[PDB]
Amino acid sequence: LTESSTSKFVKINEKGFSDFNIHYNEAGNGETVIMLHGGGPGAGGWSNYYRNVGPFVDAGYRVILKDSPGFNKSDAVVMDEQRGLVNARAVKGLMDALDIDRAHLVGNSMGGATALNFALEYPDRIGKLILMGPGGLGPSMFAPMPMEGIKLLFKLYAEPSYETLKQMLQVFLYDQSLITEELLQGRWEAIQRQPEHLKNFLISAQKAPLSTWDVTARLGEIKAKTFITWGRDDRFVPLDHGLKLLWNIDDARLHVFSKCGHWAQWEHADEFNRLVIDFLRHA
């Protein structure tokens, strides 16, 4: 499987979306599993889950790596509401235009916020819920905020540069040796590729700061089976939020990887894949 071989597009229509073009990568048959990427500059479906797409399709699943509105190859956009909620509406739209009643969700950071919102708004359209360091869960009980990674994230959005990108990555990953010239230059080009997304993201932040993302109060509503994962060494989202989800979502479980940053499905792809696939198959 490759980026282009799975590259596809589709227009959607929802509350705040009218003939909006959404990009994504598809492969495999069976139950549908929609993986949602984070909110960092240059983020995208394939770039974030290219190490999970293969194993999951083999496991007999229909994998869809979706590009959220205002990211990668999906159309640009400015949001007046918390991205979590808006992103979820975009998800429903993609499954409607594509005719998909049920879908398993896998979401990291912004993707996790999106997944949480989707489960709250459309509980009848979601299968199992998988969260990897989801964002927008309010204050941490131990970590000063904004967290290290968040400060670098906004810094990168407001003042894009190779240097700042690297600094963000060094804080993004636990094992510094994983930061290669290929990875650096790779995402570097992605950011410069579509600057409009960077500015639009910042404008949206103005309209809806992270505080409008906190859906903690509605966690008791989610009834979908949930699997929470966290990198023990995540400098972007607080580890204690993993406990928050574990205690407030009726049926959930928590798995924490050691020597792991904010990119668990990538830094510990093998264990992540085995765990989630096992979770989807037997849970």
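Throughout, we count residues from 1 along the sequence that is shown.
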Mean CA temperature factor from the deposited coordinates, higher in 207 to 215 or in 130 to 138? 207 to 215
Of 106 to 114 and 178 to 186, the stretch whose C-alpha atoms average the higher B-factor in the entry: 178 to 186
Sorting the chain's CA B-factors, does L245 end up in the lowest, middle or highest third? lowest
Would you check the entry's CA temperature factor for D234 and let me know if it's in the chain's lowest, middle or highest third? lowest
Split into thirds by Cα B-factor across the chain's modelled residues, where does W266 land: lowest, middle or highest? middle
Third assignment of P160 from its chain's C-alpha B-factors: middle
Give the position of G44 by CA B-factor within its chain, expressed as the lowest, middle or highest third. middle
